[PDB]
Structure formats: C-alpha cells, structure tokens
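Please read the structure below before turning to the comments.
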Amino acid sequence: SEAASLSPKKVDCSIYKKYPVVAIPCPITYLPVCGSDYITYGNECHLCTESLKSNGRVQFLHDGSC
C-alpha cells in the first residue's frame, strides 16, 4: 500500500456484521465517510455493507467526504 501516512482505519463494522450482508439496517443519520477505495459513503453502516460485501476492499480511510 502506497501512502505517506499509513492509515489503516477500521470503523465498527462488527455491529453490522452481526446482520446478513444483504440486509443491514442503517441509522437515519447521514455521516459522510470515506473508504480506502476512495468512495464516499452515506454513513458507517453503508460503508460496512460494502466493506463486508467486497470483503475489506473498501475499508475505512477517513471520516468525511473523500
């Protein structure tokens, strides 16, 4: 992984990992998060759904829009 600042962040996907990957209930709160795949997600729940789906392809990079 090429980065100046090696930032391996992992948001709590565990609580959502408790649900089936296709059906993960998300909060009504919108909190822009950015995945390591450089994709901005609506919140950590949505990030987690894709994170599990693509199996760590998209991990948590930083909070906020990419």
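Following the order of the structure tokens, chains are lettered A, B, ..., residues in each are numbered from 1, and ligands are numbered from 1.
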_I want to know what sits within 8 Å of residue 44 (chain A), based on only C-alpha atoms, with residues of the same chain fewer than 6 positions away left out; could you give that as a ChimeraX atom specification?_
/A:11-13,31-33
Would you mind exporting the chosen residues as a PDB file, in the first residue's frame, restricted to N, CA and C atoms?
```pdb
ATOM      1  N   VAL A  11     -13.568   1.196  10.892  1.00  0.00           N
ATOM      2  CA  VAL A  11     -14.702   1.683  11.658  1.00  0.00           C
ATOM      3  C   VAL A  11     -15.443   0.454  12.195  1.00  0.00           C
ATOM      4  N   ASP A  12     -16.396   0.625  13.093  1.00  0.00           N
ATOM      5  CA  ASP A  12     -17.073  -0.539  13.619  1.00  0.00           C
ATOM      6  C   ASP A  12     -18.038  -1.073  12.605  1.00  0.00           C
ATOM      7  N   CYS A  13     -17.640  -2.129  11.993  1.00  0.00           N
ATOM      8  CA  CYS A  13     -18.445  -2.806  11.039  1.00  0.00           C
ATOM      9  C   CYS A  13     -18.985  -4.063  11.708  1.00  0.00           C
ATOM     10  N   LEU A  31     -23.690  10.603   7.818  1.00  0.00           N
ATOM     11  CA  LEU A  31     -22.365  10.960   8.231  1.00  0.00           C
ATOM     12  C   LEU A  31     -21.429  10.511   7.152  1.00  0.00           C
ATOM     13  N   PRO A  32     -20.952  11.435   6.321  1.00  0.00           N
ATOM     14  CA  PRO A  32     -20.106  11.091   5.207  1.00  0.00           C
ATOM     15  C   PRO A  32     -18.827  10.439   5.682  1.00  0.00           C
ATOM     16  N   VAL A  33     -18.558   9.289   5.156  1.00  0.00           N
ATOM     17  CA  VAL A  33     -17.356   8.573   5.468  1.00  0.00           C
ATOM     18  C   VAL A  33     -16.656   8.215   4.183  1.00  0.00           C
TER      19      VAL A  33
END
```
*Got a sec to tell me which of chain A DSSP assigns to helix (DSSP H, G or I), as a VMD selection string?*
chain A and resid 14 to 17 44 to 53
Fewer than 2 positions away in the same chain doesn't count, so skip those; otherwise give me all residues within 10 Å of residue 30 (chain A), counting only C-alpha atoms, as a JSON list (two decimals) with N, CA, C and O atoms, in the first residue's frame.
```
[["chain", "number", "residue", "atom", "x", "y", "z"],
["A", 26, "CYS", "N", -29.65, 0.55, 8.75],
["A", 26, "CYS", "CA", -28.80, 1.70, 8.89],
["A", 26, "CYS", "C", -29.52, 2.79, 9.64],
["A", 26, "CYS", "O", -30.76, 2.88, 9.59],
["A", 27, "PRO", "N", -28.79, 3.61, 10.41],
["A", 27, "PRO", "CA", -29.37, 4.75, 11.10],
["A", 27, "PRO", "C", -29.81, 5.84, 10.11],
["A", 27, "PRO", "O", -29.29, 5.92, 8.99],
["A", 28, "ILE", "N", -30.71, 6.68, 10.55],
["A", 28, "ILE", "CA", -31.24, 7.77, 9.71],
["A", 28, "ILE", "C", -30.32, 9.00, 9.72],
["A", 28, "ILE", "O", -30.68, 10.07, 9.23],
["A", 32, "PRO", "N", -20.95, 11.44, 6.32],
["A", 32, "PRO", "CA", -20.11, 11.09, 5.21],
["A", 32, "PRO", "C", -18.83, 10.44, 5.68],
["A", 32, "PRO", "O", -18.14, 10.96, 6.58],
["A", 33, "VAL", "N", -18.56, 9.29, 5.16],
["A", 33, "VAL", "CA", -17.36, 8.57, 5.47],
["A", 33, "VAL", "C", -16.66, 8.22, 4.18],
["A", 33, "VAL", "O", -17.30, 8.11, 3.13],
["A", 41, "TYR", "N", -19.25, 7.30, 1.38],
["A", 41, "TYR", "CA", -20.46, 6.61, 1.75],
["A", 41, "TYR", "C", -21.33, 7.48, 2.64],
["A", 41, "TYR", "O", -20.82, 8.41, 3.29],
["A", 42, "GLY", "N", -22.63, 7.18, 2.65],
["A", 42, "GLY", "CA", -23.60, 7.96, 3.40],
["A", 42, "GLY", "C", -23.42, 7.89, 4.91],
["A", 42, "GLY", "O", -23.76, 8.83, 5.62],
["A", 43, "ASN", "N", -22.89, 6.78, 5.38],
["A", 43, "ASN", "CA", -22.59, 6.58, 6.80],
["A", 43, "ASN", "C", -21.83, 5.29, 6.97],
["A", 43, "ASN", "O", -21.64, 4.53, 5.99],
["A", 44, "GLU", "N", -21.41, 5.03, 8.19],
["A", 44, "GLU", "CA", -20.63, 3.85, 8.52],
["A", 44, "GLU", "C", -21.37, 2.55, 8.25],
["A", 44, "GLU", "O", -20.76, 1.57, 7.85],
["A", 45, "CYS", "N", -22.67, 2.55, 8.45],
["A", 45, "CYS", "CA", -23.50, 1.40, 8.14],
["A", 45, "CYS", "C", -23.38, 1.04, 6.66],
["A", 45, "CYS", "O", -23.11, -0.11, 6.31],
["A", 46, "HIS", "N", -23.53, 2.05, 5.80],
["A", 46, "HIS", "CA", -23.46, 1.82, 4.36],
["A", 46, "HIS", "C", -22.07, 1.41, 3.95],
["A", 46, "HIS", "O", -21.90, 0.55, 3.08]]
```
*Top pick for closest residue to residue 36 (chain A), considering A:66, A:2, A:10, A:58 and counting only C-alpha atoms*: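 Nearest to residue 36 (chain A): A:58.
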Mind checking which residues fall within 8 Å of residue 61 (chain A), counting only C-alpha atoms, ignoring those fewer than 4 positions away in the same chain, and posting them as a CSV table (one decimal) with C-alpha atoms, in the first residue's frame?
```
chain,number,residue,atom,x,y,z
A,7,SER,CA,-3.6,4.9,7.9
A,8,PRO,CA,-5.2,1.5,8.4
A,9,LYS,CA,-8.5,2.6,9.9
A,10,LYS,CA,-11.4,0.3,10.6
A,34,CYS,CA,-14.6,7.8,3.1
A,35,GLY,CA,-13.4,4.3,2.3
A,36,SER,CA,-9.9,3.2,1.3
A,38,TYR,CA,-11.8,6.4,-2.3
```
*What residues in region 1-61 of chain A get the DSSP label strand (DSSP E)? Please answer as a ChimeraX atom specification.*
/A:33-35,40-41,60-61
